[PDB]
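Colleague: Begin with these chain(s), straight out of the complex:
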Amino acid sequence: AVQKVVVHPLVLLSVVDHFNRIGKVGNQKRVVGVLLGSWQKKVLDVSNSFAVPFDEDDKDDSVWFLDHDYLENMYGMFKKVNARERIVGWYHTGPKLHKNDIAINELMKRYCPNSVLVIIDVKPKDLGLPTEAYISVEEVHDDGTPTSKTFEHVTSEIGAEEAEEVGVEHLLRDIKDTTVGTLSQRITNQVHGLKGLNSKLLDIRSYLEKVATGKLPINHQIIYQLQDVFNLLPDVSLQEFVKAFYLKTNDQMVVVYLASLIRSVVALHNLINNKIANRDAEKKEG
Amino acid sequence: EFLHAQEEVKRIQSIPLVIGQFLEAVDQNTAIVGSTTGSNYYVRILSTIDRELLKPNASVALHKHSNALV
């Protein structure tokens, strides 16, 4: 198991390039490539990637071609350029997995047994996290259900090593937000959080509707986990907490009040100092 | 810009940083610190730094490449 697949900025900026390379002329769906990177305790580091000629057909959803020699030869070159990278998985920008993913993943299992596919939604630019990392597991589904290939999910997180970090920071250099936050940006951080929590809760509702209307299979698992989240709610109405909330809300207001007063006396002092300044210069003009 | 400006200045005190001794002072925002490397360098003084902690033996830190009192 891979606890995390940290996708470095360079990969998602080559995939974007890879999507543009083709889609610009050969209008096509997902662009497939290989993902190189160094291993860690359990967190797979994605540090680079390259494209692999990939052609598919909407018919039979298994007439594809992921070149072997191009994949083999490319990596033959890259291990020369840098030797800390081993093939570790593949990437496709088609937002929704295909029926061809399992079979192709079996191929990339021929180059790295613990192969993780990272879906980069190059086209969308939205709430965030444009990478979704998947593994391959074949289990008996403990709870008495057919076996199958399936793609298990692995937590994805986007990070940066020092070198790319310097390039990225300059690369934006026109839309970066101040790190301090300030009251303006902190609040926007919350209207943003509220929008997400609603958005995540709405994806949950649609699925629950789907299972409710039958259109989807009752997982029987992860379904009650959502029931776990439904019991972990706070129940604020409790009196003993209601008292304890006013105390801390009151504990803070007396600091914003002291903060407010200091900013006021300073304000008046600054007007009195200024009223003297222009007045004194007023008389001194004569 | 001001917040970026302060952040950019705050970036100057990033690590790594060579260590040198505050030999003397020439004037406001400048110094005659002498690096641990073995050579004494006429460097600049970061404003945020306090001119009251620059005692004339102070083991101050100098920017690694630009070699300025930071």
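Modeller: Structure's in. What do you need? Numbers count the residues shown, from 1 in each chain, chains lettered A, B, ... in the order given.
Colleague: Show me what residue of chain B gets nearest to chain A.
Modeller: Nearest to chain A in chain B, going by Cβ to the nearest Cβ, is residue B:3, at a distance of 3.8 Å. (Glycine included, C-beta is placed from N, CA and C.)
Colleague: what's residue A:97 in contact with, if anything?
Modeller: A:119, A:134, A:151 (Cβ atoms under 8 Å, 6 or more residues apart in numbering or on different chains).
Colleague: For residue 42, which residues are in contact?
Modeller: With no chain named, the answer covers chain A. A:1, A:2, A:3, A:4 are the contacts of residue A:42 under Cβ under 8 Å, 6+ apart.
Colleague: look at chain B instead
Modeller: Contacts of residue B:42 by Cβ under 8 Å, 6+ apart are B:26, B:30, B:31, B:32.
Colleague: most surrounded residue in the residues you listed?
Modeller: Ranked by neighbour count (other Cβ atoms under 10 Å in any protein chain shown), the contacts of residue B:42 have residue B:31 at the top, with 26 neighbours.
Colleague: put chain C onto that model:
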Amino acid sequence: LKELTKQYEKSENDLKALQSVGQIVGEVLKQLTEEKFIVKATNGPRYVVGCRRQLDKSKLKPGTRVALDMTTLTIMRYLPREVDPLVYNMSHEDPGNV
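Modeller: Just below you will find chain C, in place on the chains above:
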């Protein structure tokens, strides 16, 4: 083919080896904060350096040898105390077993 394989695999490690760089061996001498130290190269300036994330904050106590990166100047791993017969003290004179 079996003989070629074991040597070839060792050669592949050597190709990685050519890539690997050296670490400027040094000693720590103070801990200003949780992310800053004052490290001295064996014959080198005293660079203010941090410690790699996968390092023990503690283990690096004054006197703890480290081998910082040659460009970042960030410590990358502790090392045992140097041992040499540079000692001027009879202490090493084993009594011998009598």
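Colleague: Chain C added, so what about the contacts of residue B:42 now?
Modeller: B:26, B:30, B:31, B:32.
Colleague: Just give the closest residue to the single nearest residue of chain C relative to chain A, not the sequence neighbours.
Modeller: Residue nearest to chain A within chain C (Cβ to the nearest Cβ): residue C:16, separated by 4.3 Å. Leaving aside its chain neighbours, residue C:16 sits nearest to residue A:83 (4.3 Å; criterion: Cβ to Cβ, 6 or more residues apart in numbering or on different chains).
Colleague: Which of the three states applies to the one you found?
Modeller: For residue A:83, the assignment made with DSSP: H, G, I helix; E, B strand; the rest coil gives coil.
Colleague: Over to it: give its phi and psi.
Modeller: phi -100, psi 0 (degrees, to the nearest 10).
Colleague: From residue C:23, how far out is it?
Modeller: Separation of residue A:83 from residue C:23 (Cβ to Cβ, to the nearest Å): 18 Å.
Colleague: Please apply the same query to residue A:223.
Modeller: 52 Å.
Colleague: Just give me the neighbour total for residue 41.
Modeller: In the absence of a named chain, this looks at chain A. Neighbours of residue A:41 using other Cβ under 10 Å come to 6.
Colleague: let's do chain C instead
Modeller: Residue C:41 - counted by other Cβ under 10 Å - has 15 other residues nearby.
Colleague: tack on chain D:
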Amino acid sequence: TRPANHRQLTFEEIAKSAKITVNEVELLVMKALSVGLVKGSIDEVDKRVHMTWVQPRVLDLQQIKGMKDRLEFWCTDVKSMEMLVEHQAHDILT
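Modeller: Putting chain D onto the chains we already have gives this:
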């Protein structure tokens, strides 16, 4: 079956459901909480067993239908408070 908020369970209600005398509802919860089927706490002055769950159960169409209807309410409130913040702080929101 609790209404969630009233997660406490009066000794009488537990003893009546299982037709077990009040002296042993005290130990029944003692077990069920011992294996790991609950993460609550037991009171005796009032003898209401405060309940907090970490052991979920399999679901059902009606259970899921019911579980989704509650969640539609939850997103309704989460949406309402979002509007009451974005609208309120439009000038500062920047």
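Colleague: again for the contacts of residue B:42, chain D present now?
Modeller: Residue B:42 neighbours (Cβ under 8 Å, 6+ apart): B:26, B:30, B:31, B:32.
Colleague: In CSV: the residues you listed, plus secondary structure.
Modeller: Shown next, in CSV, are the contacts of residue B:42 (three-state DSSP):
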residue, secondary structure
B:26, coil
B:30, coil
B:31, strand
B:32, coil
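Colleague: Quick check: residue A:18 is in a helix.
Modeller: Yes - under three-state DSSP, residue A:18 sits within a helix.
Colleague: And it, how close does it get to chain B?
Modeller: Counting by Cβ to the nearest Cβ, to the nearest Å, the separation of residue A:18 from chain B is 33 Å.
Colleague: The lengthiest helix in chain D and chain A in contact?
Modeller: Ordering each helix of chain D by length in residues (DSSP state H) puts helix D:61-86 first. Yes - Helix D:61-86 lies within reach of chain A by Cβ under 8 Å from any Cβ of the partner chain, at D:61, D:64-65, D:67-68, D:70-72, D:74-75, D:78-79, D:81-82, D:85-86.
Colleague: Please report how far the spatially closest residue to residue A:169 that is not a sequence neighbour lies from residue A:235.
Modeller: In space, residue A:169 comes closest to residue A:176 once its chain neighbours are excluded; the distance is 7.2 Å by Cβ to Cβ, 6+ apart. Using Cβ to Cβ, one gets 41 Å for the distance from residue A:176 to residue A:235.
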